[PDB]
Structures are given as structure tokens and as C-alpha cells.
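Student: Show me the folded form of this:
(5 chains, ligands or ions: 1)
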Amino acid sequence: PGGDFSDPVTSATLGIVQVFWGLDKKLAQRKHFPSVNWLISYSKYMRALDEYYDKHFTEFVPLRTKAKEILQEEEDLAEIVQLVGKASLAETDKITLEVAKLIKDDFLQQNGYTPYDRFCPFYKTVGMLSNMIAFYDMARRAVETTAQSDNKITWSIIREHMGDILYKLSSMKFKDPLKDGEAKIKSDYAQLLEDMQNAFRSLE
Amino acid sequence: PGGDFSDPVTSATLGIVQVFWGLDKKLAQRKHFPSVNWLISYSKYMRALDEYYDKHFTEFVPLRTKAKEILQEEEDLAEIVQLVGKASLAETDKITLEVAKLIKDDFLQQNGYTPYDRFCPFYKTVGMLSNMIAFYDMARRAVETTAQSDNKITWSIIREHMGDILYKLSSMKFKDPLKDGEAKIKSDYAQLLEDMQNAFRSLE
Amino acid sequence: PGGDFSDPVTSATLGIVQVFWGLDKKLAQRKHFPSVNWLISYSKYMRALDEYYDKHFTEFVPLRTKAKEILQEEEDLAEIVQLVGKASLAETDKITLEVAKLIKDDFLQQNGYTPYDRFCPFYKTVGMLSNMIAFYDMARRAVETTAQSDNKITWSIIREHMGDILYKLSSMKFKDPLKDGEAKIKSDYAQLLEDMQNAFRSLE
Amino acid sequence: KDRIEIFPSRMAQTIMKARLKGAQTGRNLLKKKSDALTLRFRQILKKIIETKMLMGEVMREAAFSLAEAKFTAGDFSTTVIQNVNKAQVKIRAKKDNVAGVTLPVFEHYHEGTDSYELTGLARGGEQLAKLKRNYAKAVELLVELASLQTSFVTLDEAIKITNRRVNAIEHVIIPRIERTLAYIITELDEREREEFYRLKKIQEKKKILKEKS
Amino acid sequence: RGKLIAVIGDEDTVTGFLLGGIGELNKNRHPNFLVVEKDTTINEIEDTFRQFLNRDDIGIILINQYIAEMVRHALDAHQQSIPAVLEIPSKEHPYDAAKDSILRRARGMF
Ligand SMILES: Nc1ncnc2c1ncn2[C@@H]1O[C@H](COP(=O)(O)OP(=O)(O)O)[C@@H](O)[C@H]1O
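Tutor: Numbering: from 1, shown residues only, chains lettered A, B, ... in the order given. Take a look at the structure below.
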């Protein structure tokens, strides 16, 4: 009642269940769906599924821990930006914020009343996460290895250089699992990676 | 409690009643009487008094809307005069900030310990408001017509060309309704109107 | 029951008792012992004890009064130095801060598990407080009289001159009332008083 | 977020009230410091304008007075631009405190190592002498104006920082504290209404038993 | 002492400021001036102003106003304080309150 998770039934249930998907009304009012909180939710079966992921996908747990760390650092940056503005920020923080916004808007968000996003297989999920963490790694390495040098590749350079790549990273979610199939989706996600790598060689 | 309109009784009574005269202590400490706030007060009976006004005092509702506009504009021009330095003042705003103070000091302020300001009939009220808003209108047009004419008029010329008109405006609230009749006060206000019109034509 | 000053037991007790020694959780977290609040604690026997002090320790009541004033002024200045940051401070504020720190660290703070600070007799207490308050008075007078003269005295050219007088004060609490005695400790304190008097006479 | 994570209790209420009072006294401190710096800024602006005007008219004086002293020593352009050993005007930095901010201004340590001593003893005398007097005084005056501009800039940025802090404490922090205070009041009011119901139940059962028995 | 004044005017202005007493040569034989006439281009102006700024001993850079009229981009990008920069008038064009980078921050207060 009232959206308060401190009521008797929620308190009674959260001490019984092993997974907790906590929904947020702030994300529901902007039509950010599903409205999971991702900062209060948890799953106590994340260690019991290590064998399955190792034997079947084997490249996913690294991606998962990396994405969780990005989303956790963004909330430490945001409560500071809210008071002292987005000007005290290093370049790696400016990269963390933009990558977290990309993840939140084009990975976590999924409009389920569409022909392409009603269902999302796990290969498509791991592919999108792979292509979204590869960009993070490349951009951070570029902003970091030319730091003390005078050339200073910064986030605005990366952004005006790759404005054709970020749009594709955001539109990765528009690929039908049924009209395109598995092979076409995997090939398109493997081609976007080469585009990213060449575009990141281009500015160095 | 402490001027907080959230107590259940105050919330209910403000939800019900149609008028709300907001007496303020701040205005009382400045010797502004009657200390009505004019900014948080309201009245929702203004559309029921429309056949009455249009049958008895035809030229009043426009003056009411104009006076409310002027008194609101003198107030939301507060940070403009504090966070900036009183100089970046468009002549329209000088005219406002002066005539609105004229209203605040010589229309909204009444003194019961007098022989003339215990009771103010409504013909006297509409006369006193019509002369003030007619001044405002003429002094505002005189400025915004000669906007680019090499004969820029500012409030400095208006306040020197009419130095007795302004006094007689600030002296309208001394006409006794008993020692002077109604036709007498009407004719006095009409004479003041025609003198205003003259002294505004002898300026252009 | 968690630290509430309005527990029914605590509020029912404060209406009956004449002395209340209060608990400071912030002082118990920083390991300052005994963690007496000294700003909410009270005693209602300080007027019935007057003719005992006026007969046995006739100079103690002014020392107690001035110590309490210093400890309140420091608390007034603390939450100012927190926001702005101690740049623009009168020299008397510097002396207040640096004598209040002495009173806190060397007089109020005690260690019961040591063989010299287990039971501190009242002549020791009165002597320590007397020397500290005498230093406070001398430093304040020095900085106050030569305020607009040549060679303005400050707190920094006092910590230079008398740096070892500021050490026999910060080590008065190590004398032992059973290895030393009453007359020995009294002689030490009198000699220290003469020392600081000579230093303040020479510097000024 | 909309509230501060705390649990409703009559101890959290006094803690939160203490926080609110502390924050809205800090707000007044910062709002006084900002207007101090703002007054200093508005003064610096006016006197900078006046010094600009006067040094401009001085520069026009020097412009129309250059030619007459030029007419008395030939053409010393190559002389002046190639022969320069050591300038004797120097400048150092000092500070000036304003409400805790350290404005940097300039001190004009006057050095003397005059190289332009030949200067045509018999070709250009009082003319060039008064000329260099004029231009040295002008150099010092523009040193003063430069120190004023440096102050101006640092004060202008510190004003913005302090106003940002004021607006943050006024629009982000105090509303959040007030929200989590109203919530605590509501939750305590809700805890009271359950004890009332339980005690009324106990009394009802008492007055049922005693009458049916 | 630790800092020296520096000029960018014309021949007449640099000689006026040598008469005043400023004008100095680097231990690399670099001057505290760069005279400009109908000869040199604006790229030289702007990298000269750049090496004027980055030089960590210059405190007061004087620049005649009519010089700065086209390199406003070089000096508006300057936002620090201690590399003080004053634009100077002369007879060709006297002081203009419009094209100032230190009256830049006085928007409204006029
Ligand atoms: N994943 C989603 N994709 C698209 N729309 C959604 C999604 N989740 C919720 N909505 C919209 O939000 C509304 C939420 O209603 P509902 O799912 O019944 O929530 P609840 O059961 O909490 O009331 C639905 O009417 C639907 O239109």
C-alpha cells in the first residue's frame, strides 16, 4: 500500500524468497519498462548457475560483473553531479556516465508490446552485452593511454568521431529474433564490432 | 500553526470556501493597512458578478484585470532588480515599477482613523482606479511609440513634465464622500483626466 | 533504549534527580573517556556547595565559570569553522580554540586504568584548572592590549615564544599523588605559574 | 531520492530536525558570504571602468606628445628595438583576502638598471626625459589595472561557485530533509492508531466478560 | 621580480614602453614584443600570443586594441587570471568598450 516496501506482507515475503525483483514507479512514469530497480534487487541463485554459464555461454559472467560495476559507479557519480554539476569530472567518469546511460536505455529497457522485443533469446542478450562492454573497454583504454600526452583523446572527440557507431549500438535491440533469425543477428553483431574496432583505430 | 495551511481544518476550509482574504503580519509591521497580501488572496465569485458590473459599473472589469497584471509584474520583477543592478531596466519596466507602487501606496492602502477613508463607495473606487490605469496606459504608449525616433522618452521626462498630475493622483484619496457630493467627485476626477490627457499631448 | 532523551524512564527520572551526568555517543566513538557531554549534563548543587568552596578552595568558582564559558564559546565557533574554514578569524577566537583544546585533551580527558589518573585529588584538579585559566587570561590580555600598536601579537608568535610552557601544561596530568605528594605537586604547579608569568612578561 | 533512509522513531525525528536546522543556518552563512563577494565585485567593476577611461585619455596624451620629442632626436627606432639590455620595471604577486578568498594582485618592485642612458645627450634632452617619465608612470598605472582585472576574474569565479552551493542546499537538500520529516510524523501517527485499537479491544473483552459473568 | 611585463604593439608603442622601461630579452634572445606591420600574418600573431601565455614568467601582457581585433578568438579562449591581458587604445582607433574580454563578464552591470 502506497508503494512502501516496508509493509507487513513485503517484509514477511522478502525473508522467505530467494529472488527479489523490485519495481520502481519513477521508472514506470517515464515508461522505462520493465521498471526493475537494479539497485535494490538481488538473486541468491547467481552462484548455483556458474556451471551452466561456463558450459554453455562461457563469456557471460565477466560481462555481467563488468556491467554491474558500471551501473554501481554511475550512481556514485550521479549524486555528486546533482550538487556540483558535470564539470568537476574526469574523462573516465564522463565515459562511465555515457556507457551507463547506453546500457540503461538500450539494454535494460525492453518494450514488450512490439514484434521485435516481445521475446529476447539469451544469445541476443549476450551479444548485445558483449558489443556494449567492448565499446566501454576500447573507449576507456583510448582515453587512458593518451592521458599525459598532448593529444588527449577525450569523450567529446570519441563522440563526434563515432556518432554513426553509437546509433547502431542503440539500435541493436531492433533486430527481430524471428524475421532475421539467429545467424543474421549474430553476423550483424559481429560486423558492428569490426566497425567499432576500425573506428577506434581511426582516431589514433 | 505558524501560518501553515496543511492542518486538516485549514485544508478543509480552504477546499470549501470561495473567497480567501489573506491577512499578513509582514505588511502589518510595515504600517501597510489593511494588511491584505494581494498575492495569496483570491476570490472565485468574480464570474457571478458580471451582469451586476456590466449593468452598473461597465468600465471596471478591464481595470481589475489590468491592476492585477501590474501588481503581479512588479513582483516577478524582483530578482531582475536584485541579481542585476537596477540599470538594465526597459522603460516599460520602469513605468510598471513606478505605477504599481503608486497603486500599492494610494489605492490598496486605506486609513480608518480619518474622516474620509473610513468608507470608500464604489463609484469613488472605480474612479480612482480608472484614473490610475488611464495614466499608466497613456504614459506607456507615449514611450513605446517613440521607441526609435531620436526623441527617446523615459520616465525621467514623464516625471518632470507632469509633476503636479502625479501629486493629484497621489491625492485622489482625500476627497470626502460626505463633505463633497458624488457629482462633485465625479467632476473632479473627470477634470483630472482631461488635464492628464492635455499634459500628455503637450509632451509629444 | 537506543539513545532517546524522551524514553519514559529517562524523562521520568530527570524530573526527580538533582545531578545528571550525560552520555555523548560521539565522544565514546572517538575513544574519549569519560564520555560526559558537558553541554547537556547539569548539577543543581553548585549553589549549596558555595560556602564549602569559599572556605576550602576560595578561588575555584571563578575558574569553573570561566572554563564553562570557554567550552561553550568553542562549540559556538566549531560549526562556523566547519563551513567557512577558519581563514578569517580574530586572534581571540584562535586563543579560545587553542585553550579549549587544551582543556578538553588534558583536563577533562582522564584514564582510569593508569596508576596516576585513577583518583585525582581535588587539589590536583584545582591546580590544573588554575594554571590553564591563568594562561588563558594572560594570552588573551597580551593579544588584546597590543591590538593596534606596533608588532601586533598573534597566536602564532605565542606558540613560538612559549612552546615548552605549553608542554608543562599539557603534562600536568602525569604527576602522581602517591609517589609525589601534596606539597611537592603544589610546588611544581607554583613554579610553572612563575615560569609562564616570566615568559609572558618577556615576550610582551 | 525522495527521502533519506532512516526508520521512523522519536529519536530519528530529533536527529532530522537537528539536520534541518544546521542546513538552514549554513544556507544563511553562505548567502551572506556571497553578497559580500558580490559587493566587492560591483565595486571592482566601477573602479576598473574609471581606471580604463583615465588610462585611455593618458594614452591619447602620450600619442599626441610622442611626435614633438621625436622631432628632436632623429629616428631612434632601430636604436630602441635592437638595443635593449635590461628592463627596470619588475612585478611580483601578492594576495588579498576577501571573505576567505585570496585575490591575487601585483606589487611593483622598482628595479634600477637603466641602459638607456646615452639617449643622445646633445640630441634629445628634456624631450625624451619627460617622454620616459610619462611612459613609466603609464606602465605603473596599467600594472594597477592588471591587478584589478586579476582580482575581478578570481572573484567572478568564486561568486559562481558559492551561488551554486547555495542553490544546491536550497533546492536539493532541505526539501529532502523536509520530506523525510513529514514521513516520520505520518508513520508515528500510524503506530499510535494500532495501540489505540488493541487497548480498546482489551477493554471491550473485559466489559463483555464481566457482564456475561 | 619573479615576473616581467610584456608588450605586443607596434614599433612606436614598443619604443614607448621601452621609454617607460619595459622590454626584455630571453636568455634565448627572445623579446617581450612582436612588432606587426603590413608584413606578417595572423597565424604568427596567434602562435606568438600562445607562446606568450605558456611562457611561465609573464604577468602583464599589453596588446594594442587594433591588434586584437581579429585574434579575438585567441584571447577569448584565455580564461585564467594571472596571465593578465590589457587591450590598449591609440590614435588610429581609441578605446572601444565593445570589444573587451574583461568587460565580457560584466553582462548587465553597465
Ligand atoms: N514491459 C512492458 N512493456 C510495455 N508496456 C508495459 C510493460 N510493463 C508495463 N507496461 C504498461 O504499464 C501498465 C502496467 O500495468 P500492469 O502490468 O497491470 O502493472 P500492475 O499489475 O502493477 O498494475 C500496463 O498497462 C502496460 O500498458
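Student: would you list every one of the helices in chain A?
Tutor: Assigned by DSSP state H, the helices in chain A fall at A:8-14, A:25-29, A:50-56, A:61-84, A:91-103, A:122-145, A:155-161, A:164-171, A:181-202.
Student: Can you lay out those helices as TSV showing mean neighbour count and distance to residue C:176?
Tutor: (Each C-beta comes from the backbone N, C-alpha and C, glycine too.) Converted to TSV, the helices of chain A look like this (neighbours: other C-beta atoms under 10 Å in any protein chain shown; distance: least, C-beta to C-beta, whole Å):
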stretch	mean neighbour count	distance to residue C:176
helix A:8-14	10	58
helix A:25-29	12	66
helix A:50-56	11	65
helix A:61-84	14	53
helix A:91-103	19	58
helix A:122-145	17	62
helix A:155-161	15	67
helix A:164-171	14	76
helix A:181-202	14	74
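Student: For the closest residue to chain A within chain D, which non-adjacent residue is spatially closest?
Tutor: Residue nearest to chain A within chain D: residue D:168 (4.6 Å; C-beta to the nearest C-beta). Nearest residue to residue D:168, sequence neighbours excluded (C-beta to C-beta, 6 or more residues apart in numbering or on different chains): residue A:83, at 4.6 Å.
Student: which residues of chain E fall in strands?
Tutor: E:4-8, E:58-64, E:84-88 (DSSP state E).
Student: close to chain A, is the top helix by length along chain D?
Tutor: Using DSSP H to define each element, chain D has its longest helix at helix D:12-70. No: shown here: helix D:12-70 not in contact with chain A (C-beta under 8 Å from any C-beta of the partner chain), separated by at least 12.7 Å.
Student: Say whether chain B is contacted by that helix.
Tutor: Yes: using C-beta under 8 Å from any C-beta, helix D:12-70 reaches chain B at residue D:42.
Student: now for that helix, which elements pack on it?
Tutor: helix C:60-81, strand D:92-98, helix D:126-168, helix D:174-212, helix E:11-20 (3 or more C-beta pairs under 8 Å, 6 or more residues apart in numbering or on different chains; DSSP states H and E).
Student: what's the angle from the shortest one to strand E:58-64?
Tutor: Following axes from the mean of the first three to the mean of the last three C-alpha atoms, to 10 degrees, one obtains 90 degrees for the angle between strand D:92-98 and strand E:58-64.
Student: Which elements pack onto strand D:92-98?
Tutor: Using 3+ C-beta pairs under 8 Å, 6+ apart, strand D:92-98 sits against helix D:12-70, strand D:101-107.
Student: what do you get if the cut-off is 7 Å, keeping everything else the same?
Tutor: strand D:101-107 (3 or more C-beta pairs under 7 Å, 6 or more residues apart in numbering or on different chains; DSSP states H and E).
Student: The strand it packs on near chain E anywhere?
Tutor: Yes: Strand D:101-107 is in contact with chain E by C-beta under 7 Å from any C-beta of the partner chain, via D:104, D:106.
Student: hmm, that strand in reach of chain C?
Tutor: No: contact of strand D:101-107 with chain C (C-beta under 7 Å from any C-beta) is absent, the minimum separation being 8.5 Å.
Student: and that strand, C-alpha only, in CSV?
Tutor: Written as CSV, here are the backbone C-alpha positions of strand D:101-107 (Å, rounded to 0.1, in the frame of the first residue of the first chain):
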residue,chain,number,x,y,z
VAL,D,101,39.0,34.1,-0.9
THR,D,102,42.6,35.1,-1.8
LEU,D,103,42.5,37.6,-4.7
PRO,D,104,45.9,37.9,-6.4
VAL,D,105,47.2,41.4,-7.0
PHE,D,106,50.6,42.8,-8.2
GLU,D,107,53.4,44.6,-6.4
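Student: Next, count neighbours for the residue lying closest to residue A:176 once chain neighbours are set aside.
Tutor: Computed as C-beta to C-beta, 6+ apart, the closest residue to residue A:176 that is not its neighbour in sequence is residue A:116, at 4.6 Å. Neighbourhood size, residue A:116 [other C-beta atoms under 10 Å in any protein chain shown]: 16.
Student: gap between residue A:116 and residue B:162?
Tutor: 74 Å (C-beta to C-beta, to the nearest Å).
Student: out of the strands of chain E, which comes closest to residue B:104?
Tutor: For the strands of chain E, proximity to residue B:104 was assessed by C-beta to C-beta; strand E:84-88 is nearest, at 46.7 Å.
Student: Surely the residue of chain D closest to chain A is in contact with residue A:81?
Tutor: No: assessed by C-beta atoms under 7 Å, residue D:168 is found out of contact with residue A:81, at 11.2 Å.
Student: and the helices of chain A as JSON lines, adding distance to the ligand?
Tutor: Rendered in JSON lines, the data for the helices of chain A read as follows (distance: least, C-beta to the nearest ligand atom, whole Å):
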{"stretch": "helix A:8-14", "distance to the ligand": "14"}
{"stretch": "helix A:25-29", "distance to the ligand": "7"}
{"stretch": "helix A:50-56", "distance to the ligand": "25"}
{"stretch": "helix A:61-84", "distance to the ligand": "19"}
{"stretch": "helix A:91-103", "distance to the ligand": "17"}
{"stretch": "helix A:122-145", "distance to the ligand": "15"}
{"stretch": "helix A:155-161", "distance to the ligand": "30"}
{"stretch": "helix A:164-171", "distance to the ligand": "18"}
{"stretch": "helix A:181-202", "distance to the ligand": "21"}
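Student: number of nearby residues for residue D:176?
Tutor: Counted with other C-beta under 10 Å, residue D:176 comes out at 16.
Student: Quick one: residues contacting it.
Tutor: D:3, D:4 (C-beta atoms under 7 Å, 6 or more residues apart in numbering or on different chains).
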